[PDB]
>>> print(open('my_file_16.csv').read())   # CSV, C-alpha atoms
chain,number,residue,atom,x,y,z
R,829,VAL,CA,-42.4,-3.6,-61.7
R,830,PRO,CA,-40.3,-1.4,-59.4
R,831,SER,CA,-36.7,-1.1,-60.7
R,832,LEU,CA,-33.3,0.3,-59.8
R,833,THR,CA,-31.0,1.8,-62.4
R,834,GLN,CA,-27.7,0.3,-63.4
R,835,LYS,CA,-25.4,2.3,-65.7
R,836,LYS,CA,-21.9,1.6,-66.8
R,837,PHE,CA,-20.0,2.9,-69.8
R,838,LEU,CA,-18.2,1.1,-72.6
R,839,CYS,CA,-14.9,2.2,-74.3
R,840,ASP,CA,-12.7,0.2,-76.6
R,841,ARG,CA,-10.0,0.6,-79.2
R,842,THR,CA,-8.1,3.2,-77.1
R,843,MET,CA,-6.5,3.6,-73.7
R,844,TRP,CA,-6.6,6.2,-71.0
R,845,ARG,CA,-3.8,8.7,-70.8
R,846,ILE,CA,-2.7,11.0,-68.0
R,847,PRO,CA,-0.4,13.8,-69.1
R,848,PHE,CA,2.4,15.0,-66.9
R,849,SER,CA,1.7,18.7,-67.3
R,850,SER,CA,0.2,20.8,-64.5
R,851,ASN,CA,-3.2,21.6,-65.9
R,852,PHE,CA,-3.2,18.2,-67.8
R,853,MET,CA,-3.1,20.0,-71.1
R,854,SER,CA,-0.8,19.1,-74.0
R,855,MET,CA,1.1,22.2,-74.8
R,856,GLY,CA,4.1,20.6,-76.5
R,857,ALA,CA,6.4,17.6,-76.6
R,858,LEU,CA,8.0,18.5,-73.3
R,859,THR,CA,5.6,19.4,-70.5
R,860,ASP,CA,5.5,22.1,-67.8
R,861,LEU,CA,6.5,19.9,-64.9
R,862,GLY,CA,8.9,18.0,-67.2
R,863,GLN,CA,11.4,20.7,-67.9
R,864,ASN,CA,11.1,21.9,-64.2
R,865,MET,CA,14.4,22.2,-62.3
R,866,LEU,CA,12.8,19.5,-60.1
R,867,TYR,CA,12.7,16.0,-61.7
R,868,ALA,CA,15.6,16.9,-64.0
R,869,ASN,CA,18.2,17.2,-61.3
R,870,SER,CA,16.7,14.9,-58.7
R,871,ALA,CA,15.3,11.4,-58.6
R,872,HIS,CA,11.8,10.3,-57.4
R,873,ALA,CA,10.5,6.8,-57.1
R,874,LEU,CA,6.8,6.3,-57.4
R,875,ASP,CA,4.6,3.9,-55.5
R,876,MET,CA,1.4,3.7,-57.5
R,877,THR,CA,-1.8,1.6,-56.9
O,12,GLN,CA,33.9,18.7,-28.6
O,13,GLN,CA,36.2,18.6,-25.6
O,14,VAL,CA,40.0,19.4,-25.8
O,15,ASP,CA,41.3,17.1,-23.0
O,16,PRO,CA,40.4,13.5,-22.2
O,17,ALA,CA,41.4,13.6,-18.5
O,18,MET,CA,38.8,16.2,-17.7
O,19,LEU,CA,36.2,13.6,-18.9
O,20,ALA,CA,37.9,11.1,-16.6
O,21,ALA,CA,37.5,13.7,-13.9
O,22,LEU,CA,33.9,14.0,-14.9
O,23,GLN,CA,33.1,10.3,-14.9
O,24,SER,CA,34.8,9.3,-11.7
O,25,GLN,CA,34.7,12.2,-9.3
O,26,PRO,CA,31.8,13.0,-6.9
O,27,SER,CA,29.8,16.0,-8.1
O,28,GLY,CA,29.1,17.1,-4.6
O,29,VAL,CA,32.0,18.4,-2.6
O,30,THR,CA,33.7,15.8,-0.5
O,31,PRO,CA,36.7,16.0,1.8
O,32,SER,CA,38.1,12.7,0.6
O,33,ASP,CA,39.2,14.2,-2.7
O,34,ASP,CA,38.6,18.0,-2.6
O,35,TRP,CA,39.5,18.9,0.9
O,36,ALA,CA,40.2,22.6,0.2
O,37,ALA,CA,36.6,23.1,-0.9
O,38,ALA,CA,35.0,20.9,1.8
O,39,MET,CA,36.9,22.7,4.6
O,40,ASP,CA,36.1,26.0,2.9
O,41,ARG,CA,32.4,25.6,3.9
O,42,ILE,CA,32.8,24.0,7.4
O,43,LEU,CA,34.4,27.1,8.9
O,44,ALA,CA,31.6,29.3,7.4
O,45,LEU,CA,33.9,31.3,5.1
O,46,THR,CA,32.3,31.5,1.6
O,47,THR,CA,31.0,34.3,-0.6
O,48,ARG,CA,27.7,32.8,-1.8
O,49,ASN,CA,25.6,31.3,1.0
O,50,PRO,CA,28.0,31.5,4.0
O,51,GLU,CA,25.7,30.4,6.8
O,52,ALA,CA,24.8,27.0,5.4
O,53,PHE,CA,26.7,24.4,7.5
O,54,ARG,CA,25.4,25.2,11.1
O,55,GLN,CA,21.9,24.5,9.9
O,56,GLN,CA,22.6,21.0,8.8
O,57,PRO,CA,21.9,18.5,11.6
O,58,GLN,CA,24.2,16.0,13.3
O,59,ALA,CA,23.7,13.6,10.4
O,60,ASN,CA,25.6,15.6,7.7
O,61,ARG,CA,27.9,17.5,10.0
O,62,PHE,CA,29.8,14.6,11.6
O,63,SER,CA,29.8,12.8,8.2
O,64,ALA,CA,31.8,15.8,6.8
O,65,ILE,CA,33.5,17.4,9.8
O,66,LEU,CA,35.2,14.2,10.9
O,67,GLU,CA,36.4,13.4,7.3
O,68,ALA,CA,37.9,16.8,6.7
O,69,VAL,CA,40.2,17.2,9.7
O,70,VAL,CA,41.5,13.7,8.9
O,71,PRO,CA,41.0,12.8,5.3
O,72,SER,CA,40.4,9.3,3.8
O,73,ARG,CA,43.0,7.5,1.8
O,74,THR,CA,41.4,6.5,-1.5
O,75,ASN,CA,42.9,4.8,-4.5
O,76,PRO,CA,43.3,6.6,-7.9
O,77,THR,CA,44.0,3.4,-9.8
O,78,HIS,CA,40.5,3.3,-11.2
O,79,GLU,CA,40.6,6.9,-12.1
O,80,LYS,CA,44.1,7.2,-13.7
O,81,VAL,CA,43.2,4.5,-16.3
O,82,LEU,CA,40.1,6.4,-17.5
O,83,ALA,CA,42.5,9.2,-18.3
O,84,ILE,CA,44.3,6.8,-20.5
O,85,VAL,CA,41.4,4.7,-21.9
O,86,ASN,CA,39.7,7.9,-22.9
O,87,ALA,CA,42.9,9.3,-24.4
O,88,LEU,CA,43.2,6.2,-26.7
O,89,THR,CA,39.5,6.3,-27.9
O,90,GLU,CA,39.6,10.0,-28.6
O,91,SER,CA,42.3,9.3,-31.2
O,92,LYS,CA,40.4,6.3,-32.6
O,93,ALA,CA,43.0,3.7,-31.5
O,94,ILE,CA,40.2,1.6,-30.0
O,95,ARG,CA,36.7,1.2,-31.2
O,96,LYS,CA,34.1,2.9,-29.0
O,97,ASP,CA,32.2,-0.4,-28.7
O,98,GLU,CA,35.3,-1.8,-27.0
O,99,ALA,CA,36.5,0.5,-24.2
O,100,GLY,CA,34.5,-1.4,-21.7
O,101,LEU,CA,36.7,-4.4,-22.4
O,102,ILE,CA,40.1,-2.7,-22.3
O,103,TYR,CA,39.3,-0.9,-19.0
O,104,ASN,CA,38.2,-4.3,-17.9
O,105,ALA,CA,41.7,-5.5,-19.0
O,106,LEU,CA,43.9,-2.6,-18.0
O,107,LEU,CA,42.6,-2.5,-14.5
O,108,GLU,CA,43.3,-6.2,-14.2
O,109,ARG,CA,46.8,-5.4,-15.6
O,110,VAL,CA,47.9,-2.6,-13.3
O,111,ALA,CA,46.5,-4.4,-10.3
O,112,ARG,CA,48.4,-7.6,-11.2
O,113,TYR,CA,51.8,-6.0,-11.6
O,114,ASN,CA,51.2,-3.1,-9.3
O,115,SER,CA,54.0,-1.3,-7.5
O,116,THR,CA,55.2,2.1,-6.5
O,117,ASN,CA,56.6,2.5,-10.0
O,118,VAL,CA,53.5,1.7,-12.1
O,119,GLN,CA,51.3,4.0,-10.0
O,120,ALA,CA,53.9,6.7,-10.8
O,121,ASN,CA,54.3,5.5,-14.4
O,122,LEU,CA,50.6,5.9,-15.3
O,123,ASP,CA,50.8,9.4,-13.8
O,124,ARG,CA,53.6,10.3,-16.2
O,125,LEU,CA,51.4,9.0,-19.0
O,126,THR,CA,48.3,11.1,-18.0
O,127,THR,CA,50.4,14.2,-18.6
O,128,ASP,CA,51.8,13.7,-22.1
O,129,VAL,CA,48.2,12.8,-23.3
O,130,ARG,CA,47.5,16.3,-22.1
O,131,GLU,CA,50.4,18.6,-22.9
O,132,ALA,CA,52.4,16.5,-25.4
O,133,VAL,CA,49.3,15.5,-27.4
O,134,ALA,CA,49.6,19.1,-28.7
O,135,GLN,CA,51.1,17.4,-31.8
O,136,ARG,CA,47.5,16.3,-32.5
O,137,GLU,CA,46.5,19.9,-32.2
O,138,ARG,CA,49.5,20.7,-34.4
O,139,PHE,CA,49.0,18.6,-37.6
O,140,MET,CA,45.4,19.5,-37.8
O,141,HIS,CA,46.8,22.9,-38.8
O,142,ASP,CA,49.9,22.0,-40.7
O,143,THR,CA,48.1,18.9,-42.0
O,144,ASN,CA,51.1,16.7,-42.7
O,145,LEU,CA,48.9,13.8,-42.0
O,146,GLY,CA,48.5,13.5,-45.7
O,147,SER,CA,49.4,16.8,-47.3
O,148,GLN,CA,53.0,17.7,-46.8
O,149,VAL,CA,55.0,14.4,-46.2
O,150,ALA,CA,52.7,12.5,-48.5
O,151,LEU,CA,53.2,15.1,-51.3
O,152,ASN,CA,57.0,15.5,-50.7
O,153,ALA,CA,57.1,11.9,-52.1
O,154,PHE,CA,55.3,13.2,-55.2
O,155,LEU,CA,57.7,16.1,-55.6
O,156,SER,CA,60.5,13.5,-55.3
O,157,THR,CA,58.9,11.6,-58.2
O,158,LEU,CA,58.4,14.2,-60.9
O,159,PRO,CA,61.4,14.9,-63.2
O,160,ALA,CA,62.9,18.4,-62.6
O,161,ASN,CA,64.3,18.6,-66.2
O,162,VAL,CA,61.6,20.1,-68.3
O,163,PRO,CA,62.8,21.3,-71.8
O,164,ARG,CA,60.4,24.2,-72.3
O,165,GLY,CA,59.6,26.4,-69.3
O,166,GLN,CA,62.2,25.4,-66.7
O,167,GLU,CA,61.2,28.2,-64.3
O,168,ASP,CA,57.4,28.1,-64.3
O,169,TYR,CA,57.5,24.4,-63.7
O,170,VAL,CA,59.0,24.9,-60.2
O,171,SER,CA,56.7,27.8,-59.5
O,172,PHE,CA,53.5,25.8,-60.2
O,173,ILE,CA,54.4,23.1,-57.7
O,174,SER,CA,55.6,25.8,-55.4
O,175,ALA,CA,52.1,27.1,-55.6
O,176,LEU,CA,50.7,23.5,-55.2
O,177,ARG,CA,52.6,22.8,-51.9
O,178,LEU,CA,51.0,26.0,-50.6
O,179,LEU,CA,47.5,24.7,-51.7
O,180,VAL,CA,47.8,21.6,-49.5
O,181,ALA,CA,49.3,23.7,-46.6
O,182,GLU,CA,46.7,26.5,-46.3
O,183,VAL,CA,43.8,24.0,-46.4
O,184,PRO,CA,43.5,21.6,-43.4
O,185,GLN,CA,40.9,19.4,-45.0
O,186,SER,CA,42.7,18.6,-48.3
O,187,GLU,CA,45.1,15.6,-48.4
O,188,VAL,CA,47.0,13.4,-50.9
O,189,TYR,CA,47.6,9.7,-50.6
O,190,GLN,CA,49.0,6.5,-52.2
O,191,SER,CA,46.3,4.3,-53.7
O,192,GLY,CA,47.7,2.0,-56.4
O,193,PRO,CA,50.7,3.0,-58.5
O,194,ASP,CA,49.5,6.7,-58.6
O,195,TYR,CA,48.9,9.6,-56.3
O,196,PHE,CA,45.6,11.4,-55.9
O,197,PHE,CA,44.4,14.7,-54.3
O,198,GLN,CA,41.0,15.4,-52.9
O,199,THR,CA,40.0,19.0,-52.0
O,200,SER,CA,37.9,17.8,-49.0
O,201,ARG,CA,37.3,14.8,-46.8
O,202,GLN,CA,33.8,13.5,-47.7
O,203,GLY,CA,34.6,15.4,-50.8
O,204,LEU,CA,34.3,15.4,-54.6
O,205,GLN,CA,36.8,16.7,-57.3
O,206,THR,CA,39.5,14.0,-56.9
O,207,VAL,CA,42.2,14.9,-59.4
O,208,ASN,CA,44.3,12.1,-60.9
O,209,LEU,CA,47.6,13.8,-59.9
O,210,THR,CA,49.9,11.4,-61.7
O,211,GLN,CA,47.8,11.6,-64.9
O,212,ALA,CA,47.8,15.4,-64.7
O,213,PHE,CA,51.5,16.3,-64.5
O,214,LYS,CA,52.1,13.7,-67.2
O,215,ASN,CA,49.7,15.6,-69.3
O,216,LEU,CA,51.3,18.9,-68.4
O,217,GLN,CA,54.7,17.5,-69.2
O,218,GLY,CA,55.8,18.7,-72.6
O,219,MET,CA,53.3,21.6,-72.3
O,220,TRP,CA,54.9,24.3,-70.1
O,221,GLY,CA,56.2,26.3,-73.1
O,222,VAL,CA,53.8,26.8,-76.0
O,223,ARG,CA,53.3,30.6,-76.4
O,224,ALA,CA,49.9,30.0,-77.9
O,225,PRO,CA,47.8,32.7,-79.6
O,226,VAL,CA,44.5,34.1,-78.3
O,227,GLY,CA,42.4,32.7,-81.1
O,228,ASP,CA,42.4,29.0,-80.2
O,229,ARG,CA,39.8,27.5,-77.8
O,230,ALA,CA,38.5,24.0,-79.0
O,231,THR,CA,41.9,22.3,-79.7
O,232,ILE,CA,42.7,21.0,-76.2
O,233,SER,CA,40.1,18.2,-76.3
O,234,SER,CA,42.9,16.2,-77.8
O,235,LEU,CA,45.6,18.0,-75.8
O,236,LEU,CA,44.4,18.6,-72.3
O,237,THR,CA,42.3,16.3,-70.0
O,238,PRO,CA,39.3,17.6,-67.9
O,239,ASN,CA,40.9,16.7,-64.6
O,240,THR,CA,44.0,18.7,-65.6
O,241,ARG,CA,41.4,21.3,-66.5
O,242,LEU,CA,40.1,20.8,-62.9
O,243,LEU,CA,43.5,20.7,-61.2
O,244,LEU,CA,44.1,24.1,-62.8
O,245,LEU,CA,40.7,25.1,-61.3
O,246,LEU,CA,41.9,24.0,-57.9
O,247,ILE,CA,45.2,25.9,-58.2
O,248,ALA,CA,43.5,29.1,-59.5
O,249,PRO,CA,42.6,31.0,-56.2
O,250,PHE,CA,46.2,30.4,-54.8
O,251,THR,CA,47.9,31.7,-57.9
O,252,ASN,CA,48.8,35.4,-58.2
O,253,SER,CA,49.5,37.2,-61.4
O,254,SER,CA,53.3,36.7,-61.1
O,255,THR,CA,53.4,32.9,-61.4
O,256,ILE,CA,52.9,32.4,-65.1
O,257,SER,CA,52.9,35.9,-66.5
O,258,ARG,CA,50.8,36.6,-69.6
O,259,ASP,CA,51.6,34.6,-72.8
O,260,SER,CA,51.9,31.0,-72.0
O,261,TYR,CA,48.9,28.8,-72.7
O,262,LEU,CA,48.5,28.4,-69.0
O,263,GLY,CA,48.1,32.2,-69.0
O,264,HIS,CA,45.2,31.5,-71.3
O,265,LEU,CA,44.0,29.0,-68.7
O,266,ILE,CA,45.0,29.9,-65.1
O,267,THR,CA,44.2,33.7,-65.5
O,268,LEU,CA,40.9,32.9,-67.3
O,269,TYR,CA,40.0,30.4,-64.6
O,270,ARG,CA,40.4,33.1,-62.0
O,271,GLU,CA,38.0,35.3,-64.0
O,272,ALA,CA,35.5,32.4,-64.1
O,273,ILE,CA,35.8,32.1,-60.3
O,274,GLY,CA,35.6,35.9,-60.3
O,275,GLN,CA,32.2,35.8,-62.0
O,276,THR,CA,30.6,33.5,-59.5
O,277,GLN,CA,32.1,35.1,-56.3
O,278,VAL,CA,30.0,38.2,-57.1
O,279,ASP,CA,27.1,36.6,-59.0
O,280,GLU,CA,26.3,34.5,-55.9
O,281,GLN,CA,25.6,37.8,-54.1
O,282,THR,CA,23.4,38.6,-57.1
O,283,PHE,CA,21.7,35.2,-56.7
O,284,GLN,CA,21.1,35.9,-53.0
O,285,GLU,CA,19.3,39.0,-54.0
O,286,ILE,CA,17.0,37.4,-56.6
O,287,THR,CA,15.9,34.5,-54.4
O,288,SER,CA,15.0,36.9,-51.5
O,289,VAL,CA,12.9,39.3,-53.7
O,290,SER,CA,10.6,36.5,-55.0
O,291,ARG,CA,8.9,36.4,-51.6
O,292,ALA,CA,9.2,40.2,-51.1
O,293,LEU,CA,6.8,40.9,-53.9
O,294,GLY,CA,5.1,37.5,-54.4
O,295,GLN,CA,6.5,35.2,-57.1
O,296,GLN,CA,6.0,31.6,-58.2
O,297,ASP,CA,8.8,29.7,-56.5
O,298,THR,CA,8.8,27.1,-59.3
O,299,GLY,CA,9.5,29.9,-61.7
O,300,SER,CA,11.8,31.7,-59.3
O,301,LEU,CA,14.9,29.6,-60.5
O,302,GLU,CA,14.3,28.8,-64.2
O,303,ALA,CA,14.7,32.3,-65.5
O,304,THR,CA,17.2,33.2,-62.6
O,305,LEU,CA,19.9,30.7,-63.7
O,306,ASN,CA,19.6,31.5,-67.4
O,307,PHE,CA,20.5,35.1,-66.7
O,308,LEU,CA,23.6,34.0,-64.7
O,309,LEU,CA,25.0,31.2,-66.8
>>> encode(input="my_file_16.csv", output="structure tokens")
Amino acid sequence: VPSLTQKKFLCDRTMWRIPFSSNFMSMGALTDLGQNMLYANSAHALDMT
Amino acid sequence: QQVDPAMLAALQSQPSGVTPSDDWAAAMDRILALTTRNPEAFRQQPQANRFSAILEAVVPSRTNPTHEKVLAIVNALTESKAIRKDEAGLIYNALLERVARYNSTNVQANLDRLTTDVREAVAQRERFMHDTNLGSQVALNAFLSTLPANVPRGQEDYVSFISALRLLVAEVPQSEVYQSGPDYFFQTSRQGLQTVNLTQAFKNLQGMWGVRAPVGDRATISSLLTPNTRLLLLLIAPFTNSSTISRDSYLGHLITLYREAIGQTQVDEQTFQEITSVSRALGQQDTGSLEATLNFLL
């Protein structure tokens, strides 16, 4: 019979994570954009979706 | 932005074009064709706007300045914030009812006396913007009539510190002191930070003017000084020459060293102006144009 594909994935036991560093690479406890002069003197609300 | 309020009264109630009803000497100046710029400009107007000016100039009209003299008062009251700006359309709606109710020869000449001292005797308002005894001299001369003049150690440098503090609130038009609660304060600027608790500073400095401390003691005054007293001595530092408290009092370890700390930043800001302008002269990451810059200067 003719047929169309349908692919998903499956992940369990763990959760996604998005690191705050610039290249999204974990190079320490603090991050690159973390110890910036920005975000450590100023405040920033965020408006996720 | 303006200096005088009656000029704005002469800008909101006078005709912009020259009329012989109010400015005859300029309206007759152009009828006889005697003017530097554009002399021949009145013959070539027709019989409409000749006779509507040439009749009214050789016999003027007789208008009423009652509606104009009050705007030289109502403006002069709202310049000095006596009335809200949302409100001057009511008081001119009430003063014009007033001076037309009780009108006389006198009141028309009594308003005219009052549109002169809001011009040349309002120079006090020009005066105490400079001498600032709004809240800096006569509000601090109550403070100097509050402190005790009998200090046991250091009788002479006590009355030279406050002699240099009265000069601080005098050479600065923005700074002012005031009575809020049972204690006096002192802010270095309106819309300003760095409020010193002036009562809780001279009470900390009382019993402190004579110490003769050595030069190997730094971290003791956490239980002896107070950081606002440490900030009041920062605000007295640029107006304190080297002859006030000479060398060897502990304030000589403080006031002289605070001038050196100000003396660092008043030439390192010029260094900081150079570094932030050569990051775009060669090409540098502007995120990393301030992290290593401040660490070299702190």
>>> closest_atom_pairs(input="my_file_16.csv", of="chain R", to="chain O", cutoff="10 Å", atoms="all atoms listed in the file", output="JSON lines")
{"residue": "R:861", "atom": "CA", "partner": "O:298", "partner_atom": "CA", "distance": 9.4}
{"residue": "R:863", "atom": "CA", "partner": "O:302", "partner_atom": "CA", "distance": 9.4}
{"residue": "R:864", "atom": "CA", "partner": "O:298", "partner_atom": "CA", "distance": 7.5}
{"residue": "R:865", "atom": "CA", "partner": "O:302", "partner_atom": "CA", "distance": 6.9}
{"residue": "R:866", "atom": "CA", "partner": "O:298", "partner_atom": "CA", "distance": 8.6}
>>> atom_distance(input="my_file_16.csv", atom1="CA of residue 61 (chain O)", atom2="CA of residue 25 (chain O)")
21.1 Å
>>> closest_atom_pairs(input="my_file_16.csv", of="region 72-180 of chain O", to="region 12-24 of chain O", cutoff="6 Å", atoms="only C-alpha atoms", output="tab-separated table")
residue	atom	partner	partner_atom	distance
O:82	CA	O:20	CA	5.3
O:83	CA	O:17	CA	4.5
O:86	CA	O:16	CA	5.7
O:87	CA	O:16	CA	5.4
>>> closest_residue(input="my_file_16.csv", among="O:91, O:170, O:150, O:217", to="residue 197 (chain O)", atoms="only C-alpha atoms")
O:150
>>> atom_distance(input="my_file_16.csv", atom1="CA of residue 220 (chain O)", atom2="CA of residue 195 (chain O)")
21.0 Å
>>> residues_around(input="my_file_16.csv", residues="residue 261 (chain O)", least_positions_apart="2", cutoff="7 Å", atoms="all atoms listed in the file", output="list in words")
residues 222, 223, 224, 259, 263, 264 and 265 of chain O
>>> atom_distance(input="my_file_16.csv", atom1="CA of residue 245 (chain O)", atom2="CA of residue 216 (chain O)")
14.2 Å
>>> residues_around(input="my_file_16.csv", residues="residue 102 (chain O)", least_positions_apart="2", cutoff="12 Å", atoms="only C-alpha atoms", output="PyMOL selection string")
chain O and resi 81-82+84-86+88-89+93-100+104-110
>>> residues_around(input="my_file_16.csv", residues="residue 34 (chain O)", least_positions_apart="3", cutoff="12 Å", atoms="all atoms listed in the file", output="mmCIF file with C-alpha atoms, in the coordinates of the input")
data_model
loop_
_atom_site.group_PDB
_atom_site.id
_atom_site.type_symbol
_atom_site.label_atom_id
_atom_site.label_comp_id
_atom_site.auth_asym_id
_atom_site.auth_seq_id
_atom_site.Cartn_x
_atom_site.Cartn_y
_atom_site.Cartn_z
ATOM 1 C CA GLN O 25 34.700 12.200 -9.300
ATOM 2 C CA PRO O 26 31.800 13.000 -6.900
ATOM 3 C CA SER O 27 29.800 16.000 -8.100
ATOM 4 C CA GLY O 28 29.100 17.100 -4.600
ATOM 5 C CA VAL O 29 32.000 18.400 -2.600
ATOM 6 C CA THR O 30 33.700 15.800 -0.500
ATOM 7 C CA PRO O 31 36.700 16.000 1.800
ATOM 8 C CA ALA O 37 36.600 23.100 -0.900
ATOM 9 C CA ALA O 38 35.000 20.900 1.800
ATOM 10 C CA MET O 39 36.900 22.700 4.600
ATOM 11 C CA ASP O 40 36.100 26.000 2.900
ATOM 12 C CA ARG O 41 32.400 25.600 3.900
ATOM 13 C CA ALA O 64 31.800 15.800 6.800
ATOM 14 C CA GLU O 67 36.400 13.400 7.300
ATOM 15 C CA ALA O 68 37.900 16.800 6.700
ATOM 16 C CA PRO O 71 41.000 12.800 5.300
ATOM 17 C CA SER O 72 40.400 9.300 3.800
ATOM 18 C CA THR O 74 41.400 6.500 -1.500
#
>>> closest_residue(input="my_file_16.csv", among="O:184, O:218, O:208, O:65", to="residue 161 (chain O)", atoms="all atoms listed in the file")
O:218
>>> closest_residue(input="my_file_16.csv", among="O:156, O:274, O:136, O:76", to="residue 120 (chain O)", atoms="all atoms listed in the file")
O:76
>>> build_atoms(input="my_file_16.csv", residues="region 859-873 of chain R", atoms="N, CA, C and O atoms", output="PDB file, keeping the file's coordinate frame")
ATOM      1  N   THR R 859       6.761  18.950 -71.282  1.00  0.00           N
ATOM      2  CA  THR R 859       5.600  19.400 -70.500  1.00  0.00           C
ATOM      3  C   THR R 859       6.118  20.541 -69.550  1.00  0.00           C
ATOM      4  O   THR R 859       7.288  20.929 -69.536  1.00  0.00           O
ATOM      5  N   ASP R 860       5.169  21.052 -68.766  1.00  0.00           N
ATOM      6  CA  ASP R 860       5.500  22.100 -67.800  1.00  0.00           C
ATOM      7  C   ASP R 860       6.307  21.551 -66.657  1.00  0.00           C
ATOM      8  O   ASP R 860       7.404  22.045 -66.379  1.00  0.00           O
ATOM      9  N   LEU R 861       5.803  20.515 -65.988  1.00  0.00           N
ATOM     10  CA  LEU R 861       6.500  19.900 -64.900  1.00  0.00           C
ATOM     11  C   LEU R 861       7.682  19.019 -65.382  1.00  0.00           C
ATOM     12  O   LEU R 861       8.524  18.636 -64.565  1.00  0.00           O
ATOM     13  N   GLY R 862       7.743  18.709 -66.673  1.00  0.00           N
ATOM     14  CA  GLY R 862       8.900  18.000 -67.200  1.00  0.00           C
ATOM     15  C   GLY R 862      10.163  18.730 -67.201  1.00  0.00           C
ATOM     16  O   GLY R 862      11.123  18.291 -66.569  1.00  0.00           O
ATOM     17  N   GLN R 863      10.210  19.898 -67.836  1.00  0.00           N
ATOM     18  CA  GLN R 863      11.400  20.700 -67.900  1.00  0.00           C
ATOM     19  C   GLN R 863      11.566  21.602 -66.642  1.00  0.00           C
ATOM     20  O   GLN R 863      12.271  22.614 -66.704  1.00  0.00           O
ATOM     21  N   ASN R 864      10.908  21.251 -65.540  1.00  0.00           N
ATOM     22  CA  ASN R 864      11.100  21.900 -64.200  1.00  0.00           C
ATOM     23  C   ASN R 864      12.592  21.596 -63.819  1.00  0.00           C
ATOM     24  O   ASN R 864      13.233  20.645 -64.275  1.00  0.00           O
ATOM     25  N   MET R 865      13.121  22.467 -62.956  1.00  0.00           N
ATOM     26  CA  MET R 865      14.400  22.200 -62.300  1.00  0.00           C
ATOM     27  C   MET R 865      14.294  20.929 -61.464  1.00  0.00           C
ATOM     28  O   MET R 865      15.198  20.091 -61.457  1.00  0.00           O
ATOM     29  N   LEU R 866      13.175  20.773 -60.769  1.00  0.00           N
ATOM     30  CA  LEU R 866      12.800  19.500 -60.100  1.00  0.00           C
ATOM     31  C   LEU R 866      12.552  18.476 -61.233  1.00  0.00           C
ATOM     32  O   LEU R 866      12.170  18.827 -62.349  1.00  0.00           O
ATOM     33  N   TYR R 867      12.837  17.207 -60.906  1.00  0.00           N
ATOM     34  CA  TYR R 867      12.700  16.000 -61.700  1.00  0.00           C
ATOM     35  C   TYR R 867      13.738  15.883 -62.818  1.00  0.00           C
ATOM     36  O   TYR R 867      13.857  14.831 -63.446  1.00  0.00           O
ATOM     37  N   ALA R 868      14.519  16.934 -63.053  1.00  0.00           N
ATOM     38  CA  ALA R 868      15.600  16.900 -64.000  1.00  0.00           C
ATOM     39  C   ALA R 868      16.974  16.926 -63.337  1.00  0.00           C
ATOM     40  O   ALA R 868      17.968  16.558 -63.966  1.00  0.00           O
ATOM     41  N   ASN R 869      17.040  17.377 -62.091  1.00  0.00           N
ATOM     42  CA  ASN R 869      18.200  17.200 -61.300  1.00  0.00           C
ATOM     43  C   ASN R 869      18.101  16.097 -60.248  1.00  0.00           C
ATOM     44  O   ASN R 869      19.108  15.507 -59.864  1.00  0.00           O
ATOM     45  N   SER R 870      16.891  15.814 -59.790  1.00  0.00           N
ATOM     46  CA  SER R 870      16.700  14.900 -58.700  1.00  0.00           C
ATOM     47  C   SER R 870      15.936  13.656 -59.172  1.00  0.00           C
ATOM     48  O   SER R 870      15.400  13.611 -60.278  1.00  0.00           O
ATOM     49  N   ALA R 871      15.934  12.636 -58.324  1.00  0.00           N
ATOM     50  CA  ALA R 871      15.300  11.400 -58.600  1.00  0.00           C
ATOM     51  C   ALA R 871      14.097  11.172 -57.675  1.00  0.00           C
ATOM     52  O   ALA R 871      14.125  11.600 -56.519  1.00  0.00           O
ATOM     53  N   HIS R 872      13.057  10.513 -58.178  1.00  0.00           N
ATOM     54  CA  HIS R 872      11.800  10.300 -57.400  1.00  0.00           C
ATOM     55  C   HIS R 872      11.271   8.926 -57.780  1.00  0.00           C
ATOM     56  O   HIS R 872      10.824   8.730 -58.911  1.00  0.00           O
ATOM     57  N   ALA R 873      11.277   7.992 -56.841  1.00  0.00           N
ATOM     58  CA  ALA R 873      10.500   6.800 -57.100  1.00  0.00           C
ATOM     59  C   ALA R 873       9.051   7.030 -56.925  1.00  0.00           C
ATOM     60  O   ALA R 873       8.630   7.956 -56.232  1.00  0.00           O
TER      61      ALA R 873
END
